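Heads up: the structure comes next, in structure tokens.
No value in this document is a laboratory result; all are computed from the given coordinates. FYI the Cβ positions are ideal-geometry reconstructions off the backbone, even for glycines, and counts take in every protein chain you see.
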Amino acid sequence: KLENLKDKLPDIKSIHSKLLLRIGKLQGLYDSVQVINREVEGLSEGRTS
Amino acid sequence: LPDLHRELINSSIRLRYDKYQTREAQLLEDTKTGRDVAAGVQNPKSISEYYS
């Protein structure tokens, strides 16, 4: 079983990449909030509209 | 009787000699560690890729 591992490298690889994508999206989501909060501050500090 | 007497002793002596020899052989076999058996694997590249 240790001899033949070229045949089992793909599947794990897939999961790895998939996991990466998920992180990306989540990161993006946080970035999104960090803009809208900022815009709300705009409304609080005086008038800027 | 005496023919069987001086045959039983030979058989028993030989039996104990083999018992000693097989104890020795087993103890010699048990010292081979895993790395010795695993040094002969063909392609390390795929293995390293796997573990990384």
### Query
Helix B:2-29 versus the longest principal axis of chain B: what angle, 0 to 90°, nearest 10, using Cα atoms?
10 degrees
### Task
First measure r as the distance between the Cβ atoms of A:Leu20 and B:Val41, then evaluate 1/(1 + (r/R0)^6) with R0 = 41 Å and state the FRET efficiency to the nearest 0.05.
0.85
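For every other residue with a beta carbon closer than 15 angstrom to the beta carbon of A:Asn37, add +1 if it is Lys or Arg and -1 if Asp or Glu, then tell me the sum.
Values: positive: A:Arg38; negative: A:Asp31, A:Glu39, A:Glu41, A:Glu45.
Summing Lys and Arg as +1 and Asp and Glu as -1 gives -3.
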### Message
Excluding same-chain pairs closer than 8 in sequence, count the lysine pairs in the protein assembly as shown whose Cα atoms lie under 17 Å apart.
### Response
5
